[PDB]
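Structure first, then comments.
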Amino acid sequence: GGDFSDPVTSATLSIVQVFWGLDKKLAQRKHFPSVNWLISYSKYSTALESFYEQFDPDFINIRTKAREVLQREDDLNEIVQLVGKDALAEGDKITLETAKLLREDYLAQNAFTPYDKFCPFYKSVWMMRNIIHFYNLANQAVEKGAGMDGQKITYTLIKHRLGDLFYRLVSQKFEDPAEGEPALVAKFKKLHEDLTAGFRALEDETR
Amino acid sequence: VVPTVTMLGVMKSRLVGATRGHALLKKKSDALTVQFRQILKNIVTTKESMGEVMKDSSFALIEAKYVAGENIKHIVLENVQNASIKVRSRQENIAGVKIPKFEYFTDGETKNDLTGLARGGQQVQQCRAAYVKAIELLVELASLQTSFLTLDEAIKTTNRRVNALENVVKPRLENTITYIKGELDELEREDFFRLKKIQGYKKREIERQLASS
Amino acid sequence: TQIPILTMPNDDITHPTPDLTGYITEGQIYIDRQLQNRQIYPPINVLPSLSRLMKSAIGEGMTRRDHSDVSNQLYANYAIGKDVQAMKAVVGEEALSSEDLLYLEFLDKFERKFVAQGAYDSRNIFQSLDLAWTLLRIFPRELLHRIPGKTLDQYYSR
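If you read the sequences in order, they're chains W, R and L.
In terms of full-length UniProt numbering, the first sequence has 567 at position 151, counting the first letter as 1, and numbering is strictly consecutive.
In terms of full-length UniProt numbering, the second sequence has 107 at position 99, counting the first letter as 1, and numbering is strictly consecutive.
In terms of full-length UniProt numbering, the third sequence has 432 at position 106, counting the first letter as 1, and numbering is strictly consecutive.
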């Protein structure tokens, strides 16, 4: 029946270290990985600190940022389920933004396609860095935009003036790793630089 | 949540309280909707005042123009003797909604007058007479806006309680009932049944051993 | 005639003994904890309570003619009074109409003068119905909708 109170599951989770719990709701929505990011856990994040450090110092922090974004998205969904989509702070709107992107473009994987059958690690690292960079740039604009209206309320304007880079962010997952590792890493870096330049200019234009 | 008899009782109490609160909120929303409908009807009725008093003011203005030609206007704006316009506000409460009340010059306090034009008496009796109708219309509009906002908030809360909260709790109560009765009660009988089987086996073994002697 | 007194554990009817005896019998006279807290000595929750065959006791030969009418009127008026009190808890009580205040005062009088019988104040059914009429006559003769004709004219005049 899906309840995790079964004697088998309880005994297993009493000793297993890493635990990839799944949710039936995501499977219903054709999510495909179906990994409930809110209940699953991994006790092994501590040991792999050395591997992360020798790989990339950014990942250990963007991972925490993404986890915080996910928790905030869960809380915001719980609030909006009764309060309503209005009266949300523009910072909260920016949090739900790129959280939708992380759900539908980073954690989601088709697993039956030439692009999502396999995914190299640093490709996921670049994906996470791009998403967190988008989040940080948006909140930097929220912090200072030559006025409160020009700082945070401009998310709707960003959705249009920055729409191309948003679409490229959500579509960067479609490229197959078989197309050559330098090609994909260069495409990711170029996307990051283009988004950074565009949003920095827009935040430095008229504000 | 963890299933237990105390948990089942707490969930049942929460469901009962939610049902009672939903009924109370529905009653409040119905009362607020009735008040809003009354305010809308009053505003619709008083809309015709904005035409009748306007026509009277226009007739008085034409009479004043025929009397003294072009009005002085400019420094004093002419066209009136009353209406030293100054507005005062009050806050009334209907069904818990702070409905504002409006009073102003020629429609309440803070009114003053001095001299006037030739037809200034007629202008006051027609152009300044529309001030009371305008104040009533403004008060009705403010009351309607406040009632609409309050009714929207109450309806959102009531709909959320009916759809989300109660339908969240009732599956929880069913799952708690199933976990206790469907498992614990079944296990208790099975445990005792196995114990009785052990006793019967012991008695049968003792009887067979005695018979073999 | 049996009036078995049964204790319902945990103050709920889902317990096996009350739920089991519910089918066999034909009524339920609940004692309510809140009424005991409200210091009404007989705390019988009259509105939840009912007799599945109370119609036989009411009649012309036995008891009095107006028994069913006054019973139904008291039931309905109590319900209305409880609803009006609940509304006044949230509507500020300023917007209540005259009938709302009538039902509020009737509810207060019914709780503090009718239900709260003394431990030794024996009451014949005739004077009990007289008290019921005393409480009822507050409403206008036309307001008691549940009362049939030829009864209001008989008793509403006091």
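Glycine residues also receive a C-beta, built at the ideal position from the N, C-alpha and C atoms.
Option in the options with minimal Cα separation from residue i
i                      : options                                : result
W/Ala554               : W/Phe475, W/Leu512, W/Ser461           : W/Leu512
W/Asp419               : R/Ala137, R/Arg197, R/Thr14, R/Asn183  : R/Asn183
R/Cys135               : R/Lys81, R/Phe67, R/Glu174, R/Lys35    : R/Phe67
W/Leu492               : W/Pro473, W/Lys509, W/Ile476, W/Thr480 : W/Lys509
W/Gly563               : W/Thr622, W/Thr514, W/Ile547           : W/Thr622
W/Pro536               : W/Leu464, W/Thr462, W/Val601           : W/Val601
W/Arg519               : W/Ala503, W/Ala505, W/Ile495, W/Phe448 : W/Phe448
W/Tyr457               : W/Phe471, W/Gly437, W/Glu619, W/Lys446 : W/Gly437
R/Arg28                : L/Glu425, L/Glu468, L/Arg472, L/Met413 : L/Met413
R/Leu32                : R/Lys63, R/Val170, R/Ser21             : R/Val170
residue 292 of chain L : L/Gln328, L/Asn336, L/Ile451           : Nothing can be reported for residue 292 of chain L: it is not among the residues displayed for chain L, which extend from 327 to 484.
W/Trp542               : W/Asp490, W/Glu597, W/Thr529, W/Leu498 : W/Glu597
R/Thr41                : R/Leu157, R/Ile80, R/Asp64             : R/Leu157
R/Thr114               : R/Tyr209, R/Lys141, R/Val105           : R/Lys141
L/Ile464               : L/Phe432, L/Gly418, L/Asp358           : L/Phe432
W/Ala613               : W/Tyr531, W/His549, W/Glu591, W/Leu573 : W/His549
L/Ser382               : L/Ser375, L/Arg391, L/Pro374           : L/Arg391
L/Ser397               : L/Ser454, L/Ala445, L/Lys435           : L/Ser454
R/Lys164               : R/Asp38, R/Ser21, R/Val13              : R/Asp38
R/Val13                : R/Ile214, R/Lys211, R/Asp193, R/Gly208 : R/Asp193
Short Cβ contact (7 Å threshold) for residue i with residue j
i                      : j        : result
W/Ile478               : W/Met544 : yes
L/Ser394               : L/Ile384 : yes
residue 646 of chain W : W/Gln567 : Because chain W here runs from 417 to 623, residue 646 of chain W falls outside it and cannot be looked at.
L/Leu462               : L/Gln362 : no
W/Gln433               : W/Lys459 : yes
L/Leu379               : L/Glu352 : yes
L/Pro368               : L/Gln443 : yes
R/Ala138               : L/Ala421 : no
R/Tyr112               : R/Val132 : no
R/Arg180               : R/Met19  : yes
W/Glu619               : W/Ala524 : no
W/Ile476               : W/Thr514 : no
R/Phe110               : R/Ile70  : no
residue 631 of chain W : W/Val586 : Residue 631 of chain W lies beyond the residue range present for chain W, which begins at 417 and ends at 623; the question has no answer from this structure.
W/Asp439               : W/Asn452 : yes
L/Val410               : L/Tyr429 : yes
W/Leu498               : R/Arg168 : yes
W/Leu442               : W/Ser430 : no
W/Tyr571               : W/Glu469 : no
Proximal residues to residue i (C-beta, below 8 Å), its chain only, five neighbours per side dropped
i        : result
R/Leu145 : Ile51, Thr54, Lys55, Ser57, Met58
R/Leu122 : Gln89
R/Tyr187 : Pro11
W/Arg584 : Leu607, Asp610, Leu611
R/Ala219 : none
R/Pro108 : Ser97, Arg98, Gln99, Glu100, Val147, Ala150, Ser151, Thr154
R/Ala162 : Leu33, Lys36, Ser37, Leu40
W/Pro593 : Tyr531, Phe534, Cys535, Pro536, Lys539, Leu600
Within chain W, the residues that residue i reaches when beta carbons sit closer than 7 Å
i        : result
R/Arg168 : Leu498
R/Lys164 : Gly500
Closer than 7 Å at the beta carbon, the chain L residues around residue i
i       : result
R/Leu32 : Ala412, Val416
R/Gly25 : Within 7 Å Cβ-Cβ: nothing; R/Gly25 doesn't reach chain L, min ~13 Å.
R/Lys35 : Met413
Chain W residues whose Cβ lies nearer than 8 Å to that of residue i
i        : result
R/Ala172 : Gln497, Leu498
Partner residues on chain L for residue i, Cβ-Cβ distance less than 8 Å
i        : result
R/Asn101 : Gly418, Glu420
R/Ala39  : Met413, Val417, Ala421
R/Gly104 : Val416, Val417, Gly418
Chain R residues whose Cβ lies nearer than 9 Å to that of residue i
i        : result
L/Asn336 : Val13, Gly17
Same chain, Cβ closer than 7 Å to residue i, five either side skipped, listed in chain order
i        : result
R/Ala76  : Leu125, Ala126
R/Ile47  : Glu148, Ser151, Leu152, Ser155
L/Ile366 : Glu437, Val441, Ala442
R/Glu117 : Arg96, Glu111
R/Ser65  : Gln134, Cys135, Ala138
L/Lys435 : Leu461
L/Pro374 : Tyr356
R/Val61  : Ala137, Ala138, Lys141
Neighbourhood of residue i by C-beta, 6 Å cutoff - its chain only, sequence neighbours within 5 removed
i        : result
L/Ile473 : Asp395, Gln399
R/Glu198 : none
W/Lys589 : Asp521
W/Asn552 : none
With contact counted as at least three CB pairs below 8 Å, one residue from each stretch, are the segment 78-95 of chain R and the segment 401-418 of chain L in contact? no
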